[PDB]
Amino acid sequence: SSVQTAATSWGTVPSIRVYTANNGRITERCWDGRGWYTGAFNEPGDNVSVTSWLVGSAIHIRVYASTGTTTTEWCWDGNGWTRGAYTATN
């Protein structure tokens, strides 16, 4: 009935990323100080969570995308989104 979001931020500008699961697809909206724009993330999922951390000034983002009982981790480390090693307890 309602879309599901996850958000993360870094720095003091700040940079913000908001991930929205709608219709089985997760997309990404970005804020870097001058208006919201669309980011490169696009993966299947009904539910989403996110966390991020800085190494110096480089951001690292991990998005956990779930469909059914399957969760896939997606990794941003500065040069494209790549599948992570995450698997669940099951």
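One rule holds for the numbers: they count along the sequence shown, beginning at 1.
Engineer: Based on the PDB record, which member of 82, 66, 20, 12 exhibits the highest Cα temperature factor?
Structural biologist: Of the options given, 12 has the highest CA B-factor in the PDB entry.
Engineer: Based on the deposited C-alpha B factors for this chain, I'd like to know if residue 60 is in the lowest, middle or highest third.
Structural biologist: Ranked within chain, residue 60 CA B lands in the middle tercile.
Engineer: Would you please rank residue 54 by its C-alpha temperature factor against the other modelled residues of its chain and give the third it falls in: lowest, middle or highest?
Structural biologist: For residue 54, whose C-alpha B-factor we compare with every modelled residue in the chain, the answer is the highest third.
Engineer: Ordered by C-alpha B-factor within the chain, which third holds residue 6? Give me lowest, middle or highest, please.
Structural biologist: Lowest third.
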